[PDB]
Amino acid sequence: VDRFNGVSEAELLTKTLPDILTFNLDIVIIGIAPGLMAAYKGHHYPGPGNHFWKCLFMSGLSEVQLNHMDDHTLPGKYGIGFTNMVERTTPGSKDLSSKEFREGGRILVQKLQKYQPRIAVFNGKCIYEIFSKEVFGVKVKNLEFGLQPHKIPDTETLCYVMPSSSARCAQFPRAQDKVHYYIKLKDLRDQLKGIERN
DNA sequence: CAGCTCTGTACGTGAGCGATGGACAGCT
DNA sequence: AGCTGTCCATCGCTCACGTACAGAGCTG
């Protein structure tokens, strides 16, 4: 019944979740749109069932199990930042229109060209499908997860796609089913950093 | 025909919320 | 022993920042 401690869903729809972006980041996690719990909390991925923080720990991207309250520590401590394709608070990915997504893509690509992280991680396959068509003018028959073959225009930022950390998708039913992509992201990060160090 | 886009629908886990009722102590 | 109320284990149900895919409609 009451999931928001007496706060209405209509009020949460007016709230926004701030980005956590700085220069020289290794990774920027790009969500689809903040959900009601993130709007409520004012922090990234607070959903008790969301797999994000558990996959970050299980993959070794964090040495201890962190939570949504740690999100502002991620740039300085781990080289990780956060943004979303669509800024607007939304219950789920199915409530977003094509226009909202394409407006989001344009704003997103400008953010990435400003902050130029080593890797732009799309936390959700649906947003990369829109982004690729809008930014690179490419629609492939079978879009795959993992490292994509185009850099953000005018930057060296790579594009890496993972299934959404939301526990809504049945195709990757557990955090265990998504951790392969976080491990591969860690490996890609370590390789990029090692190449720059040498 | 055939390949495309668009829309509707079905799908596995694990966490939380409200209801239920057994266990149990305080009281007389 | 009988009564009463709280605690809390446990259950059923819902559902979470989606995704894959069939099939209708469209177009070359």
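Note: hydrogens, waters and symmetry copies are ignored here, and every other heavy atom, side chains too, is used. In what follows, chains carry the letters A, B, and so on, assigned in the order in which the sequence lines appear, proteins first and then strands, with residues in each chain numbered from 1.
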For DNA chain B, find the residues of residues 44-56 of chain A with a heavy-atom distance under 4.0 Å and give them by number; none if there aren't any. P48(A)

Sorted by chain and number, sequence neighbours left out, ring-ring contact (aromatic ring centres under 6.0 Å, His included) with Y181(A) holds for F145(A)

Heavy-atom count check: over 12 atoms from other residues, nucleotides or ligands less than 6.0 Å from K41(A) NZ? no

Looking at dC11(B) next to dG12(B) in the strand, do their six-membered base rings stack, centres under 5.5 Å and planes under 30°? no

Please give, in whole Å, the distance from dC17(C) P to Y40(A) OH? 15 Å

Would you please indicate if the ring centroids of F57(A) and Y182(A) are separated by under 6.0 Å? no

Is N123(A) touching bases, backbone alone, or none of the nucleic acid, heavy atoms closer than 4.0 Å? nothing

Taking Watson-Crick and G-U wobble contacts under 3.5 angstrom, with | marking pairs to another strand and [ ] crossing pairs, the secondary structure of DNA chain B is written |||||||||||.||||||||||||||.|

Which heavy atom in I119(A) sits nearest to a heavy atom in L188(A), and how many Å separate them? CD1-CD2, 3.9 Å

OP1 or OP2 of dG18(C) sitting under 4.0 Å from any side-chain N/O of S166(A)? yes

Could you state the CZ-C1' distance from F101(A) to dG18(C), rounded to the nearest angstrom? 10 Å

Can you tell whether the side chains of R106(A) and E134(A) come within less than 4.0 Å, N to carboxylate O? no

State, as yes or no, whether the six-membered rings of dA20(C) and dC21(C) are stacked by the criterion of centre distance under 5.5 Å and planes under 30 degrees. yes

Nucleotide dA10(B), atom P - distance to CZ of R168(A) in whole Å: 16 Å

OP1 or OP2 of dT7(B) sitting under 4.0 Å from any side-chain N/O of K94(A)? no

When we call it a touch if two heavy atoms are under 4.0 Å apart, what does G31(A) touch: a base, just sugar-phosphate, or nothing? base

For residues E63(A) and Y78(A), is any side-chain donor paired with an opposing acceptor at under 3.5 Å? yes

Can you list, in residue-number order, the parts of residues 170-183 of chain A that come under 4.0 Å of DNA chain C, counting heavy atoms only? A170(A), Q171(A)

With a 6.0 Å cut-off on ring centres, are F131(A) and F122(A) close enough? yes

For residues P75(A) and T22(A), report the shortest heavy-atom separation together with the two atoms involved. CB-OG1, 4.0 Å

Are any of the side-chain nitrogens in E196(A) or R118(A) under 4.0 Å away from the carboxylate oxygens of its partner? yes

Looking at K111(A) and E87(A), is there a salt bridge between them, counting it only when a charged N and a carboxylate O are closer than 4.0 Å? yes

Sub-4.5 Å side-chain heavy-atom contact between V161(A) and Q148(A): yes

Distance from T157(A) atom OG1 to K151(A) atom NZ, nearest 0.5 Å? 9.5 Å

Let me know the distance between CD of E87(A) and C1' of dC17(C), rounded to the nearest Å. 15 Å

In whole Å, I'd like the distance from the NE2 atom of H68(A) to the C1' atom of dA16(C). 16 Å

Looking only at whether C1'-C2'-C3'-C4' is positive or negative, is the sugar of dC6(B) north or south? south

CE-CD1 distance between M162(A) and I29(A), expressed to the nearest 0.5 angstrom: 5.5 Å

Under the side chain to side chain donor-acceptor pair (under 3.5 Å) definition, can you give me all pairs with a residue in residues 42-51 of chain A, not counting sequence neighbours? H43(A)-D71(A), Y45(A)-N123(A), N50(A)-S165(A), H51(A)-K178(A)

Show me the protein contacts with nucleotides 22-26 of chain C, counting only N or O atoms at under 3.5 Å.
none

